[PDB]
Structures are given as structure tokens and as C-alpha cells.
file my_file.pdb (PDB, C-alpha atoms)
ATOM      1  CA  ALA A  27     132.792 181.308 -52.264
ATOM      2  CA  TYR A  28     131.794 184.897 -53.267
ATOM      3  CA  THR A  29     133.105 188.357 -54.175
ATOM      4  CA  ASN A  30     131.548 191.825 -54.646
ATOM      5  CA  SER A  31     130.224 192.668 -58.173
ATOM      6  CA  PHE A  32     131.141 196.379 -57.614
ATOM      7  CA  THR A  33     129.879 198.400 -60.653
ATOM      8  CA  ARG A  34     130.625 195.488 -63.128
ATOM      9  CA  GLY A  35     128.284 193.800 -65.650
ATOM     10  CA  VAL A  36     126.904 196.662 -67.821
ATOM     11  CA  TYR A  37     126.618 196.556 -71.628
ATOM     12  CA  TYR A  38     125.430 198.734 -74.557
ATOM     13  CA  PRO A  39     121.641 197.918 -74.632
ATOM     14  CA  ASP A  40     121.196 198.572 -78.403
ATOM     15  CA  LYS A  41     123.405 199.215 -81.495
ATOM     16  CA  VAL A  42     122.652 203.005 -81.537
ATOM     17  CA  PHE A  43     125.322 205.689 -80.975
ATOM     18  CA  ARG A  44     124.498 208.282 -78.255
ATOM     19  CA  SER A  45     126.731 210.956 -76.662
ATOM     20  CA  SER A  46     126.696 213.503 -73.788
ATOM     21  CA  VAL A  47     123.361 212.026 -72.528
ATOM     22  CA  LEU A  48     121.994 210.277 -69.404
ATOM     23  CA  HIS A  49     119.912 207.535 -71.074
TER      24      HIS A  49
ATOM     25  CA  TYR B 489     101.471 158.108 -74.005
ATOM     26  CA  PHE B 490     103.120 161.091 -75.795
ATOM     27  CA  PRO B 491     101.367 164.229 -77.253
ATOM     28  CA  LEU B 492     102.151 163.448 -80.961
ATOM     29  CA  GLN B 493      99.198 163.090 -83.363
ATOM     30  CA  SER B 494      99.435 162.305 -87.131
ATOM     31  CA  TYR B 495      97.377 163.550 -90.095
ATOM     32  CA  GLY B 496      95.988 161.221 -92.841
ATOM     33  CA  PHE B 497      96.146 163.358 -96.003
ATOM     34  CA  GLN B 498      94.136 161.937 -98.977
ATOM     35  CA  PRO B 499      93.614 163.605-102.431
ATOM     36  CA  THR B 500      89.780 163.220-102.026
ATOM     37  CA  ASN B 501      89.755 165.645 -99.010
ATOM     38  CA  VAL B 503      89.096 171.630 -98.428
ATOM     39  CA  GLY B 504      90.271 172.566 -94.888
ATOM     40  CA  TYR B 505      90.804 168.754 -94.648
ATOM     41  CA  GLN B 506      93.767 169.066 -97.141
ATOM     42  CA  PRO B 507      97.495 169.398 -96.324
ATOM     43  CA  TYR B 508      98.643 173.038 -96.397
ATOM     44  CA  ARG B 509     102.251 174.125 -96.943
ATOM     45  CA  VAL B 510     103.032 177.281 -94.942
ATOM     46  CA  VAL B 511     106.058 179.577 -94.739
ATOM     47  CA  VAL B 512     106.441 182.430 -92.237
ATOM     48  CA  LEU B 513     108.888 185.177 -93.206
ATOM     49  CA  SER B 514     109.999 186.835 -89.918
ATOM     50  CA  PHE B 515     111.931 190.114 -90.349
ATOM     51  CA  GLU B 516     114.785 191.141 -87.984
ATOM     52  CA  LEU B 517     114.362 194.887 -87.469
ATOM     53  CA  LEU B 518     117.469 195.830 -85.403
ATOM     54  CA  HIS B 519     119.986 198.743 -85.453
ATOM     55  CA  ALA B 520     122.702 196.197 -86.440
ATOM     56  CA  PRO B 521     124.055 196.172 -90.072
ATOM     57  CA  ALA B 522     121.511 195.536 -92.851
ATOM     58  CA  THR B 523     122.129 192.238 -94.737
ATOM     59  CA  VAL B 524     118.783 191.405 -96.442
ATOM     60  CA  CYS B 525     117.603 194.229 -98.727
ATOM     61  CA  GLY B 526     115.148 194.984-101.535
ATOM     62  CA  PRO B 527     116.551 195.206-105.139
ATOM     63  CA  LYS B 528     116.229 199.067-105.218
ATOM     64  CA  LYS B 529     119.540 200.348-106.689
ATOM     65  CA  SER B 530     121.856 202.748-104.808
ATOM     66  CA  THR B 531     122.958 206.230-106.004
ATOM     67  CA  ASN B 532     126.212 208.109-105.557
TER      68      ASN B 532
END
call {"tool": "encode", "arguments": {"input": "my_file.pdb", "output": "C-alpha cells"}}
result
Amino acid sequence: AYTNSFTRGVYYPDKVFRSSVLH
Amino acid sequence: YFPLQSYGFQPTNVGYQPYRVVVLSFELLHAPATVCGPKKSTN
């Protein structure tokens, strides 16, 4: 059996703060 | 058969001798520091 992942399963790639940016 | 081989270290052996080796590997990451040099902090 399956379902759609939608936009799930994303995580902070590194322990660095960033803001107002499209990394 | 299995891939294991054994040495035969004798005191009469210089590349023929046993060598002790340690590798210090350093974890550079943006996580919290936990291993540090003895250099003292300021205010």
C-alpha cells in the first residue's frame, strides 16, 4: 500500500543559521 | 579459507618490526565545540 509524499521529508542540511535567503 | 593473515613479531627483526599507530581524526562541523585546545578564554 502507498500514499503521496507531498512536500514532506526536508531537513536543515547543516547546523548554520540563515535567514531571508533562497539557499 | 578466510582472508585473515597473522604477523610473527620477533625482537631480532626494521620495517619487519611491530608498529603501534594512532590516527587522530578531527570532527570539523558547525555543531557545538567539545574538544578544545588549552588556550584560556577572556571576558
call {"tool": "closest_atom_pairs", "arguments": {"input": "my_file.pdb", "of": "chain A", "to": "chain B", "cutoff": "10 Å", "atoms": "only C-alpha atoms", "output": "CSV"}}
result
residue,atom,partner,partner_atom,distance
A:40,CA,B:519,CA,7.2
A:41,CA,B:519,CA,5.3
A:42,CA,B:519,CA,6.4
A:43,CA,B:519,CA,9.8
call {"tool": "axis_aligned_box", "arguments": {"input": "my_file.pdb", "around": "stretch 31-49 of chain A", "padding_each_side": "6 Å", "output": "AutoDock Vina command-line options"}}
result
--center_x 125.5 --center_y 203.1 --center_z -69.6 --size_x 23.2 --size_y 32.8 --size_z 35.9
call {"tool": "atom_distance", "arguments": {"input": "my_file.pdb", "atom1": "atom CA of residue B:496", "atom2": "atom CA of residue B:510"}}
result
17.7 Å
call {"tool": "atom_distance", "arguments": {"input": "my_file.pdb", "atom1": "atom CA of residue B:517", "atom2": "atom CA of residue B:529"}}
result
20.6 Å
call {"tool": "atom_distance", "arguments": {"input": "my_file.pdb", "atom1": "atom CA of residue A:44", "atom2": "atom CA of residue B:523"}}
result
23.1 Å
call {"tool": "build_atoms", "arguments": {"input": "my_file.pdb", "residues": "stretch 34-49 of chain A", "atoms": "N, CA, C and O atoms", "output": "PDB file, in the coordinates of the input"}}
result
ATOM      1  N   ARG A  34     130.413 196.344 -61.940  1.00  0.00           N
ATOM      2  CA  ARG A  34     130.625 195.488 -63.128  1.00  0.00           C
ATOM      3  C   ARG A  34     129.309 195.012 -63.751  1.00  0.00           C
ATOM      4  O   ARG A  34     128.266 195.019 -63.101  1.00  0.00           O
ATOM      5  N   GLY A  35     129.381 194.526 -64.993  1.00  0.00           N
ATOM      6  CA  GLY A  35     128.284 193.800 -65.650  1.00  0.00           C
ATOM      7  C   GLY A  35     127.256 194.680 -66.358  1.00  0.00           C
ATOM      8  O   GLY A  35     126.059 194.394 -66.313  1.00  0.00           O
ATOM      9  N   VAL A  36     127.726 195.740 -67.021  1.00  0.00           N
ATOM     10  CA  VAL A  36     126.904 196.662 -67.821  1.00  0.00           C
ATOM     11  C   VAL A  36     127.346 196.619 -69.277  1.00  0.00           C
ATOM     12  O   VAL A  36     128.528 196.479 -69.575  1.00  0.00           O
ATOM     13  N   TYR A  37     126.401 196.731 -70.199  1.00  0.00           N
ATOM     14  CA  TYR A  37     126.618 196.556 -71.628  1.00  0.00           C
ATOM     15  C   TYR A  37     125.789 197.558 -72.434  1.00  0.00           C
ATOM     16  O   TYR A  37     124.779 198.062 -71.946  1.00  0.00           O
ATOM     17  N   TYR A  38     126.193 197.852 -73.669  1.00  0.00           N
ATOM     18  CA  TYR A  38     125.430 198.734 -74.557  1.00  0.00           C
ATOM     19  C   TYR A  38     124.082 198.074 -74.906  1.00  0.00           C
ATOM     20  O   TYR A  38     124.096 197.014 -75.530  1.00  0.00           O
ATOM     21  N   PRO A  39     122.918 198.629 -74.517  1.00  0.00           N
ATOM     22  CA  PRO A  39     121.641 197.918 -74.632  1.00  0.00           C
ATOM     23  C   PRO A  39     121.162 197.694 -76.071  1.00  0.00           C
ATOM     24  O   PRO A  39     120.410 196.760 -76.340  1.00  0.00           O
ATOM     25  N   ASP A  40     121.575 198.561 -76.992  1.00  0.00           N
ATOM     26  CA  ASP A  40     121.196 198.572 -78.403  1.00  0.00           C
ATOM     27  C   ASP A  40     122.337 199.141 -79.261  1.00  0.00           C
ATOM     28  O   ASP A  40     123.265 199.782 -78.766  1.00  0.00           O
ATOM     29  N   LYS A  41     122.309 198.871 -80.570  1.00  0.00           N
ATOM     30  CA  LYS A  41     123.405 199.215 -81.495  1.00  0.00           C
ATOM     31  C   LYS A  41     123.299 200.646 -82.052  1.00  0.00           C
ATOM     32  O   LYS A  41     123.593 200.895 -83.218  1.00  0.00           O
ATOM     33  N   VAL A  42     122.859 201.584 -81.214  1.00  0.00           N
ATOM     34  CA  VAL A  42     122.652 203.005 -81.537  1.00  0.00           C
ATOM     35  C   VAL A  42     123.692 203.867 -80.827  1.00  0.00           C
ATOM     36  O   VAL A  42     123.835 203.792 -79.611  1.00  0.00           O
ATOM     37  N   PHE A  43     124.412 204.711 -81.562  1.00  0.00           N
ATOM     38  CA  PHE A  43     125.322 205.689 -80.975  1.00  0.00           C
ATOM     39  C   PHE A  43     124.537 206.778 -80.238  1.00  0.00           C
ATOM     40  O   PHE A  43     123.547 207.304 -80.751  1.00  0.00           O
ATOM     41  N   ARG A  44     124.999 207.155 -79.049  1.00  0.00           N
ATOM     42  CA  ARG A  44     124.498 208.282 -78.255  1.00  0.00           C
ATOM     43  C   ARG A  44     125.681 208.934 -77.563  1.00  0.00           C
ATOM     44  O   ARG A  44     126.649 208.248 -77.264  1.00  0.00           O
ATOM     45  N   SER A  45     125.619 210.228 -77.281  1.00  0.00           N
ATOM     46  CA  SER A  45     126.731 210.956 -76.662  1.00  0.00           C
ATOM     47  C   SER A  45     126.247 212.111 -75.799  1.00  0.00           C
ATOM     48  O   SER A  45     125.220 212.717 -76.091  1.00  0.00           O
ATOM     49  N   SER A  46     127.003 212.438 -74.753  1.00  0.00           N
ATOM     50  CA  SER A  46     126.696 213.503 -73.788  1.00  0.00           C
ATOM     51  C   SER A  46     125.252 213.448 -73.266  1.00  0.00           C
ATOM     52  O   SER A  46     124.565 214.469 -73.208  1.00  0.00           O
ATOM     53  N   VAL A  47     124.762 212.254 -72.923  1.00  0.00           N
ATOM     54  CA  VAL A  47     123.361 212.026 -72.528  1.00  0.00           C
ATOM     55  C   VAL A  47     123.242 210.961 -71.440  1.00  0.00           C
ATOM     56  O   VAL A  47     124.032 210.019 -71.380  1.00  0.00           O
ATOM     57  N   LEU A  48     122.250 211.124 -70.567  1.00  0.00           N
ATOM     58  CA  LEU A  48     121.994 210.277 -69.404  1.00  0.00           C
ATOM     59  C   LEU A  48     120.771 209.403 -69.706  1.00  0.00           C
ATOM     60  O   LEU A  48     119.644 209.722 -69.336  1.00  0.00           O
ATOM     61  N   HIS A  49     120.981 208.348 -70.488  1.00  0.00           N
ATOM     62  CA  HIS A  49     119.912 207.535 -71.074  1.00  0.00           C
ATOM     63  C   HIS A  49     119.329 206.534 -70.074  1.00  0.00           C
ATOM     64  O   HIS A  49     120.063 205.960 -69.282  1.00  0.00           O
TER      65      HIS A  49
END
